[PDB]
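In the form deposited in one PDB entry, a lone chain appears below as structure tokens.
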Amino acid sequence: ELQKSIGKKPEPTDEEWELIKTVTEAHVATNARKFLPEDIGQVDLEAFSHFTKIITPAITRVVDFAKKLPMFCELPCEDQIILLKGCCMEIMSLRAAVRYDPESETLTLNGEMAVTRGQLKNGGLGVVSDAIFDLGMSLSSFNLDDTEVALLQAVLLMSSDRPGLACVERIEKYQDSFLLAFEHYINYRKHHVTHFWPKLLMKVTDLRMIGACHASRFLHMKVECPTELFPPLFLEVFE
């Protein structure tokens, strides 16, 4: 914070280089093409089908990342549950968004399937599609590596704001540790875009929205499409 007054812009402590070693390994371990015909999407029940055939593995990989982080494993059992449930979609939207490519204008879902904005949207996501795309478009320019996505993810995971969490103080603290190892890692990367870090923290807000905006969306679907249509893990994590 005095280093912050002098504009010293520090790079990570050795102790911190550990944290970066782990989240990037946890992340690369679990981050994983085929264009889904313009045929599908163009509620579409066939777009519905194709995107829920593949979401159960996506969710486990997001869990497998949290398992690989040891700060996560220090938490009581009902708290672990609660975090995973919160960021599950948040983490998931980012993971897709950074795999935008503007030539085709497609994301890559689950690391295989390549969807346009209308295709993802018509399978039941509505504006939650537009949010994940608009985002991936903006992150085109930020040029994130596995380590930054990893840390962003680890910031999302450790969100003491979740309803019914018990170990708030400790989780918050863990989070500040990722944010500090993250900001120091940005400093170290020297990105050519003024206020890179402020700009990047607003992506946390937008991802937080998407997750929310997806839960609401999921209530509009529960109405018309019965619960029977939904992969049992998806249900356990979004209900």
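Start at 1 and count along the sequence shown; that's the residue number.
There is another form of the same protein, the form solved in complex with a small molecule; it is not shown, and what comes next is about it.
Peer 1: Quick one: is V204 in contact with the small molecule in the bound PDB entry, heavy atoms, 4.5 Å cut-off?
Peer 2: Heavy-atom contact with the small molecule at 4.5 Å: absent for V204.
Peer 1: Does at least one non-hydrogen atom of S177 fall within 4.5 angstroms of the small molecule in the bound PDB entry?
Peer 2: Heavy-atom contact with the small molecule at 4.5 Å: absent for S177.
Peer 1: Does at least one non-hydrogen atom of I186 fall within 4.5 angstroms of the small molecule in the bound PDB entry?
Peer 2: So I186 does not count as contacting the small molecule.
Peer 1: How about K85 - does it come within 4.5 Å of the small molecule in the bound PDB entry, if we only consider non-hydrogen atoms?
Peer 2: Yes, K85 is a contact residue.
Peer 1: Out of 59-67, 169-177, 195-203, 33-41, where are the residues with a heavy atom within 4.5 Å of the small molecule in the bound PDB entry?
Peer 2: The contacting stretch is 59-67.
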